[PDB]
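Heads up: the structure comes next, in structure tokens.
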Amino acid sequence: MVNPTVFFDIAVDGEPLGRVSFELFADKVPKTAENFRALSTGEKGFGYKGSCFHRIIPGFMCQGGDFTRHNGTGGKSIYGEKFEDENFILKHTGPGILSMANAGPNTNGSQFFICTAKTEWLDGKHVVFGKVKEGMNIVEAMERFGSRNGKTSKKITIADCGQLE
Ligand SMILES: Nc1ncccc1Cl
Ligand SMILES: Nc1ncccc1Cl
């Protein structure tokens, strides 16, 4: 009944930076929220721990979740390699939005991005399923290690992750 909360503990070239937590909108997008929640706990035997934010573009987004190819070409969901676009109820309203990366319709895997700007042109194309709850400052810090082309100047990792409450 209560939306779950997950955390990532972010490191920058292995140095602790801080914690970002997310509310997952399981009330709106249960299937997509469950995927992210289980990948954050690692309870299916794989997931986000130790993965990186391989693409960070300041004033746009931080993308991560590619734990199989580490570069934006990989990842898998808890349902199989890909799963459908659950719905597009929630929109890309501003910084902090948590949304699924994809390579076309119905190609959700594990990769996700945290918005650092409003990205309304993604509405109805990427599934929005959560939002930063605490540590938007940490995301802003992360974002400073990006670049226009998305390459990061330091390795931004999810040193630890899991479920809170
Ligand atoms: N292509 C697919 N096949 C089976 C289940 C879900 C998807 Cl997206
Ligand atoms: N395999 C992928 N999964 C999610 C986003 C983008 C790609 Cl190429």
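Identifiers in this document derive from the order of the structure tokens: chains are assigned A, B, ..., residues are numbered from 1 separately in each chain, and ligands are numbered from 1 in order of occurrence.
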Set the cut-off to 7 Å, count only C-alpha atoms and all ligand atoms, and list whatever residues fall near ligand 1 as a compact mmCIF listing (two decimals) with C-alpha atoms, in the first residue's frame.
# COMPACT_ATOMS: atom_id res chain seq x y z
CA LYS A 82 12.99 -6.67 -21.89
CA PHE A 83 9.47 -5.80 -20.84
CA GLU A 84 6.73 -3.64 -22.12
CA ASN A 106 8.46 -2.05 -25.24
CA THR A 107 12.15 -2.45 -24.65
CA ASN A 108 12.52 -1.71 -20.92
Query - Neighbourhood of ligand 2 at 12 Å, counting only C-alpha atoms and all ligand atoms, reported as a PyMOL selection string - result: chain A and resi 54-55+63-77+80-85+99-113+126-127
The selected residues should be written to file as a short mmCIF file (atom, residue, chain, number, x, y, z; two decimals), in the first residue's frame (atoms: N, CA, C and O atoms).
data_model
loop_
_atom_site.label_atom_id
_atom_site.label_comp_id
_atom_site.auth_asym_id
_atom_site.auth_seq_id
_atom_site.Cartn_x
_atom_site.Cartn_y
_atom_site.Cartn_z
N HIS A 54 26.77 5.65 -16.60
CA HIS A 54 27.72 5.66 -17.77
C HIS A 54 27.54 6.88 -18.61
O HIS A 54 28.37 7.18 -19.45
N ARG A 55 26.37 7.52 -18.51
CA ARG A 55 26.07 8.72 -19.26
C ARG A 55 25.43 9.74 -18.39
O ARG A 55 24.27 9.60 -17.96
N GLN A 63 22.15 8.77 -16.49
CA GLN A 63 21.64 7.43 -16.86
C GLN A 63 22.57 6.36 -16.32
O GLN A 63 23.80 6.45 -16.40
N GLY A 64 21.90 5.32 -15.83
CA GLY A 64 22.56 4.16 -15.36
C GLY A 64 21.81 2.88 -15.53
O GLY A 64 20.96 2.82 -16.39
N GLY A 65 22.24 1.86 -14.80
CA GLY A 65 21.57 0.60 -14.76
C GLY A 65 22.00 -0.50 -15.73
O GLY A 65 21.37 -1.56 -15.76
N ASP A 66 23.05 -0.22 -16.54
CA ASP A 66 23.61 -1.21 -17.47
C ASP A 66 24.62 -2.10 -16.80
O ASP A 66 25.80 -1.84 -16.90
N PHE A 67 24.12 -3.06 -16.09
CA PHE A 67 24.99 -3.96 -15.37
C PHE A 67 25.51 -5.11 -16.16
O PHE A 67 26.30 -5.88 -15.64
N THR A 68 25.16 -5.26 -17.44
CA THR A 68 25.69 -6.33 -18.27
C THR A 68 26.66 -5.86 -19.29
O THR A 68 27.58 -6.59 -19.63
N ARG A 69 26.60 -4.62 -19.79
CA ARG A 69 27.61 -4.16 -20.73
C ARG A 69 28.24 -2.84 -20.34
O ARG A 69 29.21 -2.40 -20.94
N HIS A 70 27.73 -2.24 -19.26
CA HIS A 70 28.39 -1.11 -18.62
C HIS A 70 28.49 0.17 -19.43
O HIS A 70 29.27 1.02 -19.05
N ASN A 71 27.69 0.29 -20.45
CA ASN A 71 27.91 1.36 -21.39
C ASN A 71 26.65 1.87 -22.06
O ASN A 71 26.77 2.68 -23.00
N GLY A 72 25.53 1.36 -21.69
CA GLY A 72 24.27 1.77 -22.30
C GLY A 72 23.71 0.87 -23.35
O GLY A 72 22.59 1.16 -23.85
N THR A 73 24.40 -0.19 -23.66
CA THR A 73 23.92 -1.19 -24.63
C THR A 73 23.35 -2.44 -23.97
O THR A 73 22.88 -3.34 -24.65
N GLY A 74 23.35 -2.55 -22.64
CA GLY A 74 22.99 -3.78 -21.98
C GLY A 74 21.91 -3.63 -20.94
O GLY A 74 21.09 -2.66 -20.92
N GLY A 75 21.91 -4.56 -20.00
CA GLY A 75 20.90 -4.57 -18.95
C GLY A 75 19.81 -5.57 -19.24
O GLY A 75 19.61 -5.96 -20.36
N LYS A 76 19.17 -6.01 -18.19
CA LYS A 76 18.04 -6.89 -18.31
C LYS A 76 17.12 -6.64 -17.16
O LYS A 76 17.50 -6.23 -16.06
N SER A 77 15.86 -6.97 -17.37
CA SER A 77 14.87 -6.79 -16.36
C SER A 77 14.77 -8.09 -15.55
O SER A 77 15.33 -9.14 -15.92
N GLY A 80 12.87 -10.97 -17.75
CA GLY A 80 13.43 -11.33 -19.06
C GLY A 80 14.21 -10.15 -19.55
O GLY A 80 14.32 -9.09 -18.88
N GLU A 81 14.78 -10.30 -20.72
CA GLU A 81 15.70 -9.28 -21.18
C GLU A 81 14.98 -7.90 -21.24
O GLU A 81 15.57 -6.84 -20.93
N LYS A 82 13.72 -7.90 -21.76
CA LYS A 82 12.99 -6.67 -21.89
C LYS A 82 11.56 -6.87 -21.44
O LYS A 82 11.05 -7.96 -21.47
N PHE A 83 10.90 -5.77 -21.14
CA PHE A 83 9.47 -5.80 -20.84
C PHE A 83 8.82 -4.54 -21.35
O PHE A 83 9.43 -3.56 -21.78
N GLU A 84 7.49 -4.66 -21.45
CA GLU A 84 6.73 -3.64 -22.12
C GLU A 84 6.67 -2.34 -21.38
O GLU A 84 6.89 -2.29 -20.16
N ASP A 85 6.35 -1.29 -22.09
CA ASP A 85 5.98 -0.02 -21.55
C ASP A 85 4.65 -0.13 -20.76
O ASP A 85 3.63 -0.46 -21.34
N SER A 99 12.94 7.56 -14.58
CA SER A 99 12.31 7.04 -15.72
C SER A 99 13.11 5.99 -16.43
O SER A 99 14.31 5.87 -16.25
N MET A 100 12.43 5.12 -17.20
CA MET A 100 13.12 3.98 -17.87
C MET A 100 13.77 4.44 -19.13
O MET A 100 13.17 5.06 -19.96
N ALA A 101 15.04 4.05 -19.32
CA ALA A 101 15.68 4.21 -20.60
C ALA A 101 15.09 3.08 -21.52
O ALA A 101 14.63 2.06 -21.05
N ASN A 102 15.24 3.23 -22.83
CA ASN A 102 14.79 2.24 -23.74
C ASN A 102 15.38 2.45 -25.08
O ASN A 102 16.04 3.46 -25.35
N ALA A 103 15.16 1.44 -25.94
CA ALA A 103 15.67 1.48 -27.29
C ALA A 103 14.56 1.34 -28.28
O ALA A 103 14.77 0.83 -29.33
N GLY A 104 13.38 1.82 -27.96
CA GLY A 104 12.27 1.62 -28.81
C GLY A 104 11.10 1.20 -27.99
O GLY A 104 11.18 1.05 -26.80
N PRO A 105 9.92 1.09 -28.61
CA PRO A 105 8.79 0.72 -27.82
C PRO A 105 8.96 -0.67 -27.17
O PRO A 105 9.47 -1.60 -27.79
N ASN A 106 8.49 -0.77 -25.92
CA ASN A 106 8.46 -2.05 -25.24
C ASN A 106 9.84 -2.75 -25.16
O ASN A 106 9.94 -3.99 -25.37
N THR A 107 10.80 -1.95 -24.75
CA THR A 107 12.15 -2.45 -24.65
C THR A 107 12.78 -2.03 -23.31
O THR A 107 14.02 -1.86 -23.22
N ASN A 108 12.00 -1.99 -22.27
CA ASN A 108 12.52 -1.71 -20.92
C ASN A 108 13.33 -2.89 -20.43
O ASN A 108 12.97 -4.03 -20.54
N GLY A 109 14.47 -2.57 -19.80
CA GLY A 109 15.34 -3.57 -19.30
C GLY A 109 15.64 -3.25 -17.84
O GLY A 109 14.78 -3.35 -16.97
N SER A 110 16.87 -2.79 -17.61
CA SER A 110 17.29 -2.33 -16.30
C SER A 110 17.71 -0.86 -16.34
O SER A 110 17.79 -0.18 -15.32
N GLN A 111 18.04 -0.36 -17.54
CA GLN A 111 18.58 0.97 -17.57
C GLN A 111 17.52 2.04 -17.34
O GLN A 111 16.37 1.85 -17.67
N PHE A 112 17.94 3.06 -16.63
CA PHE A 112 17.02 4.12 -16.11
C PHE A 112 17.79 5.42 -16.18
O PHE A 112 19.00 5.51 -16.27
N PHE A 113 17.02 6.51 -16.05
CA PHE A 113 17.68 7.75 -15.90
C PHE A 113 16.95 8.63 -14.89
O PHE A 113 15.76 8.46 -14.61
N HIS A 126 8.99 7.26 -22.61
CA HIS A 126 9.71 6.60 -21.52
C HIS A 126 8.79 6.53 -20.34
O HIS A 126 8.10 7.50 -20.03
N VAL A 127 8.81 5.38 -19.72
CA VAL A 127 7.98 5.12 -18.53
C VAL A 127 8.61 5.75 -17.28
O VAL A 127 9.62 5.26 -16.77
#
Requested in this report: Enumerate the residues of chain A with a DSSP assignment of helix (DSSP H, G or I), computed from the backbone, and present them as a list in words.
Outcome: residues 30, 31, 32, 33, 34, 35, 36, 37, 38, 39, 40, 41, 120, 121, 122, 136, 137, 138, 139, 140, 141, 142 and 143 of chain A
Report task. Just the strand (DSSP E or B) stuff from stretch 32-67 of chain A, please, per backbone DSSP, written as a PyMOL selection string. Result -> chain A and resi 52+55-57+61-64
Query raised in the report: What is the distance, in Å and to one decimal place, between atom CA of residue A:148 and atom CA of residue A:19?
Result: 24.4 Å
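By only C-alpha atoms, and with residues fewer than 4 positions from residue A:129 along its chain excluded, the set lying at most 6 Å from it is residues 24, 25, 33, 98 and 99 of chain A.
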Requested in this report: Determine, counting only C-alpha atoms, which protein, DNA and RNA residues have an atom within 9 Å of an atom of stretch 135-139 of chain A; residues of the same chain fewer than 4 positions away are not included. Present the result as a PyMOL selection string.
Outcome: chain A and resi 10+17-22+62+95-96+114+116+143-144
Could you write out the selected residues, including N, CA and C atoms, as a CSV table (one decimal), in the first residue's frame?
chain,number,residue,atom,x,y,z
A,10,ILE,N,26.2,6.4,-3.6
A,10,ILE,CA,27.0,6.8,-4.8
A,10,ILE,C,28.4,7.0,-4.4
A,17,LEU,N,30.2,9.5,-1.9
A,17,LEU,CA,29.7,10.8,-2.2
A,17,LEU,C,28.5,11.1,-1.3
A,18,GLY,N,27.4,10.2,-1.4
A,18,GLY,CA,26.3,10.3,-0.6
A,18,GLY,C,25.2,9.4,-1.1
A,19,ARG,N,24.0,9.6,-0.5
A,19,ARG,CA,22.9,8.7,-0.7
A,19,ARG,C,21.8,9.4,-1.5
A,20,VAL,N,21.3,8.7,-2.5
A,20,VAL,CA,20.1,9.2,-3.2
A,20,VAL,C,19.0,8.2,-2.9
A,21,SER,N,17.9,8.6,-2.4
A,21,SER,CA,16.7,7.7,-2.3
A,21,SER,C,15.6,8.1,-3.2
A,22,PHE,N,14.8,7.1,-3.5
A,22,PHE,CA,13.8,7.2,-4.5
A,22,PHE,C,12.5,6.7,-4.0
A,62,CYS,N,21.0,11.9,-15.7
A,62,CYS,CA,22.0,10.9,-15.3
A,62,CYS,C,21.5,9.5,-15.6
A,95,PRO,N,13.4,18.1,-12.5
A,95,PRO,CA,14.5,17.4,-11.9
A,95,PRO,C,14.0,16.4,-10.9
A,96,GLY,N,14.7,15.2,-10.8
A,96,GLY,CA,14.4,14.2,-9.9
A,96,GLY,C,13.5,13.1,-10.4
A,114,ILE,N,17.8,9.5,-14.2
A,114,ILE,CA,17.3,10.5,-13.3
A,114,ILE,C,17.3,11.8,-14.1
A,116,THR,N,17.5,15.7,-14.6
A,116,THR,CA,18.0,16.9,-13.9
A,116,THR,C,17.5,18.1,-14.5
A,143,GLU,N,26.0,15.0,-11.3
A,143,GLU,CA,25.7,15.7,-12.5
A,143,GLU,C,27.0,16.5,-12.9
A,144,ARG,N,27.7,17.1,-11.9
A,144,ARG,CA,28.9,17.9,-12.3
A,144,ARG,C,30.0,17.0,-12.8
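For the choices A:125, A:29, A:79, A:56, the atom-to-atom distance to residue A:151 is smallest for A:56 when using only C-alpha atoms.
Near residue A:119, within 9 Å and counting only C-alpha atoms, sit residues 60, 61, 91, 92, 93, 94, 95, 115, 116, 117, 121, 122 and 123 of chain A, not including residues fewer than 2 positions from it in the same chain.
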Given the selection you just returned, output its residues as a file containing N, CA and C atoms, formatted as a compact mmCIF listing (two decimals), in the first residue's frame.
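What ended up in part03.txt:
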# COMPACT_ATOMS: atom_id res chain seq x y z
N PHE A 60 20.35 17.75 -18.13
CA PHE A 60 19.48 16.80 -18.80
C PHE A 60 19.25 15.61 -17.90
N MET A 61 20.18 14.71 -17.71
CA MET A 61 19.87 13.49 -16.99
C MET A 61 21.13 12.76 -16.61
N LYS A 91 4.49 11.87 -15.97
CA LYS A 91 5.16 12.67 -16.94
C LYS A 91 6.54 13.13 -16.36
N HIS A 92 7.35 13.65 -17.26
CA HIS A 92 8.71 14.10 -17.00
C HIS A 92 8.66 15.53 -16.57
N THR A 93 8.32 15.75 -15.30
CA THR A 93 7.91 17.13 -14.91
C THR A 93 9.05 18.00 -14.46
N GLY A 94 10.23 17.45 -14.21
CA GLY A 94 11.29 18.26 -13.65
C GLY A 94 12.38 17.44 -13.12
N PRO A 95 13.40 18.08 -12.52
CA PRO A 95 14.46 17.37 -11.88
C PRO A 95 13.99 16.36 -10.87
N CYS A 115 16.19 12.44 -14.22
CA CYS A 115 16.15 13.75 -14.82
C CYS A 115 16.79 14.80 -13.95
N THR A 116 17.46 15.75 -14.59
CA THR A 116 17.99 16.90 -13.89
C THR A 116 17.49 18.15 -14.51
N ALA A 117 16.46 17.99 -15.33
CA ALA A 117 15.75 19.11 -15.96
C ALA A 117 14.40 18.52 -16.30
N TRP A 121 9.63 16.11 -23.66
CA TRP A 121 9.61 15.49 -24.97
C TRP A 121 9.74 13.95 -24.84
N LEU A 122 10.02 13.46 -23.62
CA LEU A 122 10.04 12.08 -23.35
C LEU A 122 8.68 11.49 -22.87
N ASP A 123 7.73 12.39 -22.61
CA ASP A 123 6.43 11.95 -22.16
C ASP A 123 5.83 11.03 -23.19
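The shortest atom-to-atom distance to residue A:52, with only C-alpha atoms taken into account, belongs to A:9 out of A:86, A:9, A:23, A:140.
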Report task. Please measure the separation of atom CA of residue A:30 and atom CA of residue A:78, giving the value in Å to one decimal. Result -> 13.0 Å
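Going from atom CA of residue A:39 over to atom CA of residue A:149, you cover 26.9 Å.
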